[PDB]
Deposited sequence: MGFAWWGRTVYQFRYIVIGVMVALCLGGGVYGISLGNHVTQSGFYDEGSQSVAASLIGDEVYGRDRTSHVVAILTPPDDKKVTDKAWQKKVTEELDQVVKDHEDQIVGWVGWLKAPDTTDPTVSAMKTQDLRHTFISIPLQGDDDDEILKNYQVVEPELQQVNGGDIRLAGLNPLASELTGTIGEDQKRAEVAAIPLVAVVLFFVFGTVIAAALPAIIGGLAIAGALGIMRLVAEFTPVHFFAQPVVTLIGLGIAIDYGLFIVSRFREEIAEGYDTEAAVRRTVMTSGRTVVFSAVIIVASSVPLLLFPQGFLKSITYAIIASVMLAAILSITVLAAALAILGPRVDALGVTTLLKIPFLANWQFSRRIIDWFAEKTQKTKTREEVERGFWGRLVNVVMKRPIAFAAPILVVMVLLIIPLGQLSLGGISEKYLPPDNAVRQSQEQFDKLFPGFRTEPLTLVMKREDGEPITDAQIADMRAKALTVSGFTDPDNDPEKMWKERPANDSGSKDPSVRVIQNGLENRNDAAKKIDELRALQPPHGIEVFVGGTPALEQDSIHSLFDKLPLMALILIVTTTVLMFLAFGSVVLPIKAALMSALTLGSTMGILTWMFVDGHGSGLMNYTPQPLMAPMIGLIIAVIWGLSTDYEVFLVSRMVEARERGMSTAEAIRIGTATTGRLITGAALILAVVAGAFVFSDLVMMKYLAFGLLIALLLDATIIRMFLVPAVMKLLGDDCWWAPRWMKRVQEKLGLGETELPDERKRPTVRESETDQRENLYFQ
């Protein structure tokens, strides 16, 4: 089926190149503005009890705007916060800030607003030492994203208050820096990865245009990918991890596909074949493998769509778009470019690249100046290594199997959590600011559980109903009691001007003694029998996080079942055998287990955390669901890449041992190069202030290391020999 497309693309090489390069450039230009139309509210399962409770609370009593941005004020020259001159100056500055921006900021409320008020809650807003204070500045906006945009707009003028001695913390600053880490990571990649991947390509292909064709495609892929995501942003909301996911996964896999296609074309040319025959054979043999690998990634990433998390759905869209576009490019535009170039693809150097490139795209300047700066043995090595491995297959498989099984032990200690300030390095400015806020003013940052009571009849809720609901709530123990009195716990939520005072809805709330035990208390609050005609929901940040974790756990078995079944069926269709898919699934599962074990060993147990200056905190719910699919898809990708040559060798009429040796020897350098490229682009994101990005990048590069050294150098050939001729049992 691919022979027809090879003939067509050779026949219409110029037209396809022009059409698809124009499409990719247009998509990249469209996606340039993807940062403005990207949301950050996909971290929780939708349509659950907790989210329904939060929505009802927001609708009735309005949003809690007091914790948007909190500004800590420290008087200069060790002056007391009660100084009249300092108070007057800071009040005037804050009033000027508020009046300058009447849209971004609702206002500022705090002790400085009324220093003479005898309100214990407000009086607690200033430290006992009278050396610090803080103010709350609610922001306008009916959506979290719009509030974040307002905060970003008003931040530069807000930081100048008190002569710069102001510490902005809370929710909005944390979200702003969490989003800014994405830009920091993208810039770090743009600066560091491209020169190193270019150097790797130079090593694979020596100072030739073939060394640049893959990277170009990579660029185009992500460019076009971004456009698609921008388009997807007009249909459904997307999360701010779509951009990093594209720039990492799509870039790496697109460069890998381009490397494989170019290597196959060069091999065909060296063997002796017309450019038309060369392109036809590299799209039938290597192009088919690339397409099947992309389809395997798509089938391994779609099961993430089952999870209700919008973050997982957005990353699934990003992965699908990037992979599909990378495969489409590698087959059509890369093949047509190779057809146009002809045998001189490996002869000429940077000539056509410098003739007339497209300014301001992928930093092509980077690669071209990198080549400017940088003005068979592998086959034999691989053959001898695999021959030695096959000479003693069991002796090499057993130690690897046992060590990988051992690496899975720490996964038993995995713990899951939610968003927090711990997702930034300990030296981060606003993380330290919020920690100082908590230390100076403990108890002002709370995440209480909320009981939302609603009447189906619409009648106002009687006092007796709230009274006995509070009593039954006290029946459950394990809630904060700072005042040590049951009479005045489970207080009603503060009522803001925004929202409608619906008498049929009443929300009470109270903090939890320990967050870890929340999972039980939630259930104890839900199993609690509500009044006759009142429906009750349990909400709040602990409730949302626990519900997301529970939904992820509930859907994980089905997700894994679908993942295994789809990947095995796809490999059966591709290879045509029945047992190779089984062994590939087993190898992917083992690699995933080892990677998750190592990730839990370092990130959770805090082993090696000092090197990358991140605090050890439990993982977050959707991250494990995402990393499982990513690792499985990538390990299956490399398994298919390694086994495509073996299956082609067997179809060429040679023994199983000879076929596997030939395949591994031929694909050794290509696999090593692809692994190096993806490891480099992942390491570009490893040194990231976002601990979620650290999670994903470390997991990906650990999968790279395992599947590139242990799985393939020693383990896979041994297992193939042990299976013997039964590998082709179909």
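**Q** Give the ranges of the deposited sequence, numbered from 1, for which the structure holds no C-alpha coordinates, in sequence order.
**A** In sequence order, the gaps with no modelled C-alpha are 1, 377-384, 740-780.
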